[PDB]
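Each chain gets a letter, A, B and so on, in the order the sequences are listed, and its residues count up from 1. Side chains included, hydrogens not; waters and symmetry mates left out as well; all remaining heavy atoms used.
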Amino acid sequence: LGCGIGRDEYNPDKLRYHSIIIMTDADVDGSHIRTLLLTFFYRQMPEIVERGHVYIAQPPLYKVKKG
DNA sequence: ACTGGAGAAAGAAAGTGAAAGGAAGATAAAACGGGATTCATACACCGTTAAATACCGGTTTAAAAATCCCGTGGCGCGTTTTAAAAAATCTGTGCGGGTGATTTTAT
């Protein structure tokens with residue numbers, strides 16, 4: 001991410017990407033990992049969430065064929 | 001001539017691999033101290049007796065005990081410090097289903 005941490009050198013103006021996308025698996029463990037990542041992002045880097053640099057992807061789970 | 005982009009030089013600040021050495025550990029050789037045997041030899045217990053000591057009666061006298069006056073330092077009180085012990089609060093960890101990953105050899 002290249003922003004630092006610890007609020008002593010944590011500068012939110014050095015973010016190397018203006019769009020961060022979370023893309024895990026489509027089952028429940030993906031949901032658990034998503035919750036863990038959201039907890040980390042909210043507790044450690046509030047400004048990134050406030051400015052709107054976090055997104056969520058939605059991959060499919062099933063594929064159906066008939067002919 | 002002038003402008004602005006771009007590539008190359010040059011210079012300074014940060015990360016790096018290697019460094020005696022020394023306190024901090026670690027590991028062996030040595031000196032020590034505490035049990036099992038083995039007796040010869042000195043020690044414990046029993047009769048006999050001369051002698052050394054305990055005891056009583058009455059002095060005494062010099063020394064120690066008893067008594068009075070006083071002037072202090074050594075205990076007692078109140079109030080603070082300061083370690084020491086106790087109660088309270090954090091830190092790891094393993095049990096069993098789940099998610100995802102690493103390494104060395106032969107031909």
Take atom [atom1] of [X] as the centre, draw a 6.0 Å sphere, and report whether it contains more than 12 heavy atoms from other residues, nucleotides or ligands.
X: A:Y42; atom1: OH; result: no
X: A:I22; atom1: CD1; result: yes
X: A:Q58; atom1: CD; result: no

| query | Atom OH in A:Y10, atom SG in A:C3: separation rounded to 0.5 Å? | reply | 6.0 Å
Which way does the sugar of [N] pucker, north or south, judged by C1'-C2'-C3'-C4'?
N: B:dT60; value: south
N: B:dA101; value: north
N: B:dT38; value: south
N: B:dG98; value: north
N: B:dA66; value: south

How close or far is atom [atom2] of [N] from atom [atom1] of [X], stated in whole angstroms?
X: A:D29; N: B:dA101; atom1: CG; atom2: P; value: 14 Å
X: A:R34; N: B:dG100; atom1: CZ; atom2: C1'; value: 17 Å
X: A:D25; N: B:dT99; atom1: CG; atom2: P; value: 10 Å
X: A:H32; N: B:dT99; atom1: NE2; atom2: P; value: 13 Å

| field | Rounded distance in Å between the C1' positions of B:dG22 and B:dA26 | value | 15 Å
| query | Taking syn as any angle within 90 degrees of 0 and anti as the rest, which one fits B:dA19? | reply | syn
